[PDB]
Number of protein chains: 2
Amino acid sequence: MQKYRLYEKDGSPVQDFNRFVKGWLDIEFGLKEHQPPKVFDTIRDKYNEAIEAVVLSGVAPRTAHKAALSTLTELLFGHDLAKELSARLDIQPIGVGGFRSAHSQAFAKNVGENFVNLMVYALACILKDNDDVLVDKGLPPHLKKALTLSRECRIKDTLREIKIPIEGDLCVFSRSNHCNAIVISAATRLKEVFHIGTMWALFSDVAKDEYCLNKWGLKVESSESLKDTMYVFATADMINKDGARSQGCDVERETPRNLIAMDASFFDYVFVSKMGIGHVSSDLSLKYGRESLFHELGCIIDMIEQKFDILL
Amino acid sequence: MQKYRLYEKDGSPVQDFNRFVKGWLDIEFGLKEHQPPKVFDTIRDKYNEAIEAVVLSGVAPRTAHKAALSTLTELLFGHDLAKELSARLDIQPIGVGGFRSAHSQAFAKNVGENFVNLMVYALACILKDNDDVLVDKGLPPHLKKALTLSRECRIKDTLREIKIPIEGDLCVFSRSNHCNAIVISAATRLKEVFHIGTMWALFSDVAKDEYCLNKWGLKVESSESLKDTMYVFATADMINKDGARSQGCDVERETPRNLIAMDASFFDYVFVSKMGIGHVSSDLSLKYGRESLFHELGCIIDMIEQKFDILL
DNA sequence: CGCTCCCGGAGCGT
DNA sequence: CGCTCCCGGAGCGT
Ligand SMILES: [Ca+2]
Ligand SMILES: [Ca+2]
Ligand SMILES: [Ca+2]
Ligand SMILES: [Ca+2]
């Protein structure tokens, strides 16, 4: 097999970038910055399978990809990850008095990783003939540093430099300026854990605010640079409706609840890989403002287009 | 049985408060404000049995309660919660291809509630014959309302007012001034979810800051009211070291890692219910300043004393 | 029904 | 090893 790089020693992206990330998800070759995905092959193939048929039915790839992105939850629910993992990991509890198992650990991790893998793969495909607007899992080295706050912490005589790298699960960014970027935080479910996305959104704002940085003893490399860095959330909202005594989803309902709304309110945008929901917008316009606390995931192609001035 | 109140209709706490809290947890009588705890009996008895033995051994009761507080993780690990719940709840996966069971859900909820239940019970004991310094689960009605931010969120011609009630798992407060209080957030495990505590810590800071309030368009009843409200965190850090391929604890180690430090650095104090950890301080003086990022939980006796000017 | 609980290693990054 | 992933109802409060 072969193994390549995505970035050089100065942090610059190599040429033909997107095809390298897509080839990595395809298990075509290795990469310095990413391990092969452990359990991505089945669900990736089904994504392709679903979208090779659609575009064969005449439909333009752009539309097929918008629709697919907005249906990733169906895709994830259709993949029996449990059965695939069972042949490898112990289904019995890690501890004598515990409830988690290696299998449930693997399941939890992999379904989360596959959610991100999926929309990294999708964006890679829709951008595979563009070398101006790149997409990668995690953050490109320049944006990671830029999005890293520093907090000097003195306790008595002890001094501790605390490093605070603001979270991004994946990123689409400008080659000529990696700060010109859409930073995406993803979670397969919201619940109160959505709150985690919210401190990062809070830190993202703070990195731009000189008063706030001074208040908390925070330092940034540059607040100006981050002006073009947008911070969004994407979710699959996967609560299986057919659960015994299921209490329902956090987005697929008539209107999102109060404390769900607030987490969404501190992000620039929030997406759900679902399509039939009333309060969820299917239309996105950066210029005339946020249409709704929630957008269909397919709308991310629209802000990619509107921000970086391209067509897909 | 008999059923009583913790707060009068105006919000003021009834006399002889703290033994109404202890009796509720003893399931001597009912309360308006709290359901009786679902499965606290077994571990509550072990707590009592443990300190009566330590006291009978000749140890001063203050020293005994402090020691128990700093060993609550041992108590929780010694209670076979899973066995007690296996009679009632079903171990099969909630969903065909899922990984969670109604039993596991019960385990997770109840082990979290018991951790809080424990140190509420402990503090109610420690404060048995004090009616100026009170302890309750959750927040007293006036501190609760005082810690509730609001956010006007206009999208387009919609408008929704967003409530943001800053979290407290349990609270120790002055009868004469409920905003003279220690608010405590608790978690059995840290991991990355400690991050949730951190946004709430940020919100509690924000509620005292006019610039920050205005920045994110937030309203509070009174910033100056919260000047004596302190915001701390307590953790049991229960990662069982006997789990196969265990990665160990977040505070029981030579040095808390960077991002665990970060979360801790945004709280006034962080406690662990473990003793004998090198970096974890066993001394607490408000006057001379935070001794370290982490304290033994028994040191909460010490800040209660210093802050409210009482002897326990 | 709103909101919160999480007896934790797998997996990936450095 | 640092940090993050979580096919979600039970339980408590209202
Ligand atoms: Ca994420
Ligand atoms: Ca009295
Ligand atoms: Ca009795
Ligand atoms: Ca808590």
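Just so we're on the same page: letters track the sequence lines, and every chain starts at 1.
- B/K241 is linked by a salt bridge (charged side-chain N to carboxylate O under 4.0 Å, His left out) to B/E252, counting only residues two or more places apart in sequence or in another chain.
- Counting any heavy atom pair closer than 4.0 Å across all strands shown, B/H195 reaches sugar-phosphate atoms only and no base atom.
- Legend: residues meeting side-chain hydrogen bond (donor to acceptor under 3.5 Å, both in side chains) with B/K163, ordered by chain and number and at least two apart, are B/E161.
- If you check every strand for non-hydrogen atoms under 4.0 Å, A/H103 touches nothing.
- Nucleotides C/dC7 and D/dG2, compared at atom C1', are 23 Å apart to the nearest Å.
- A residue-by-residue look at A/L89 and A/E192 shows that A/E192 has its nearest nucleotide of DNA chain C further toward the 5' end.
- Note on B/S246: only backbone sugar-phosphate atoms sit closer than 4.0 angstrom, heavy atoms only; bases stay farther off.
- Across the strands present, D/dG2 finds its partner in C/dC12; the criterion is a Watson-Crick or G-U wobble pair with both atom distances under 3.5 angstrom.
- Residue A/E113 is classed as a sugar-phosphate contact, given heavy-atom separations below 4.0 Å to backbone atoms only.
- Looking at residues 162-171 of chain B, you'll see B/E167, B/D169 sit with a heavy atom under 4.0 Å from some atom of DNA chain C.
- Using a 4.0 Å heavy-atom criterion, one finds that A/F107 contacts the bases of the nucleic acid, with or without backbone contacts as well.
- Counting any heavy atom pair closer than 4.0 Å across all strands shown, A/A187 reaches sugar-phosphate atoms only and no base atom.
- Both conditions hold for D/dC5 and D/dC6, whose six-membered rings have centres under 5.5 angstrom apart and planes under 30 degrees, so their bases stack.
- No contact: B/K83 has no heavy atom under 4.0 Å from any strand.
- Among the protein residues, B/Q35 comes within range of the sugar-phosphate backbone only, with heavy atoms under 4.0 Å from sugar or phosphate atoms but none that close to a base.
- Taken residue by residue, residues 253-264 of chain A places no heavy atom nearer than 4.0 Å to DNA chain D.
- Classified by interplanar angle (parallel below 30°, tilted 30° to 60°, perpendicular above 60°), the ring pair A/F107/B/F99 is tilted.
- Taking a pair to require two hydrogen-bonding distances under 3.5 Å in either a Watson-Crick or a G-U wobble arrangement, C/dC7 remains unpaired.
- Backbone-only contact: A/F99 has heavy atoms under 4.0 Å from sugar-phosphate atoms and none from a base.
- Two residues, B/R189 and B/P36, neighbour DNA chain D, and the one matched to the more 5' nucleotide by heavy-atom proximity is B/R189.
- Listed by first then second residue, pairs satisfying side chain to side chain donor-acceptor pair (under 3.5 Å) with a partner in residues 256-266 of chain A read A/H195-A/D263, A/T198-A/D263, A/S265-B/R151, not counting sequence neighbours.
- For the pair A/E33 (side chain) and A/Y7 (backbone), a donor-acceptor distance under 3.5 Å is present.
- Take the nearest nucleotide of DNA chain D for A/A108 and for B/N110: the residue whose nucleotide is more 5' is A/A108.
- The separation of D/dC5 from C/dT14, taken at their P atoms, amounts to 15 Å, rounded to a whole angstrom.
- Legend: residues meeting ring-ring contact (aromatic ring centres under 6.0 Å, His included) with A/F173, ordered by chain and number and at least two apart, are A/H178.
- A/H34 is linked by a ring-ring contact (aromatic ring centres under 6.0 Å, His included) to A/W24, counting only residues two or more places apart in sequence or in another chain.
- Along DNA chain C, the stretch of nucleotides lying under 4.0 Å from any heavy atom of chain A spans, 5' to 3', C/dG2 to C/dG13.
- If you check every strand for non-hydrogen atoms under 4.0 Å, A/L81 touches nothing.
- Annotation: C/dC6 and D/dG13 have their P atoms spaced 15 Å apart (nearest Å).
- Take A/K38 and apply the salt bridge (charged side-chain N to carboxylate O under 4.0 Å, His left out) test, not counting sequence neighbours, and it matches no residue.
- For D/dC5, the sugar pucker falls north, since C1'-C2'-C3'-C4' comes out positive.
- Side-chain N or O atoms of A/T148 include one that pairs as donor or acceptor with a backbone N or O of A/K144 at under 3.5 Å.
- Nucleic acid contact for A/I196: none, since no nucleic acid atom lies under 4.0 Å from a heavy atom of the residue.
- Contacts of A/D41 classified as side chain to side chain contact (heavy atoms under 4.5 Å, CB included), with partners at least two apart in sequence or in another chain: A/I27, A/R44.
- Sorted by first and then second residue, the pairs that involve residues 98-120 of chain A and meet salt bridge (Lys or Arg N to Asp or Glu O under 4.0 Å), not counting sequence neighbours, are A/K109-A/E113, A/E113-A/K137.
- Among the heavy atoms of the strands lying under 4.0 Å from A/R100 is at least one base atom, whether or not backbone atoms are also near.
- Using a 4.0 Å heavy-atom criterion, one finds that A/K191 contacts the bases of the nucleic acid, with or without backbone contacts as well.
- Residue A/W24 is out of contact with every strand shown, counting any heavy-atom pair closer than 4.0 Å.
- Evaluation of the side-chain hydrogen bond (donor to acceptor under 3.5 Å, both in side chains) rule for B/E8 yields B/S12 as partners, not counting sequence neighbours.
- The closest donor-acceptor contact from the side chain of A/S185 to the backbone of A/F233 lies at 3.5 Å or more, if one exists at all.
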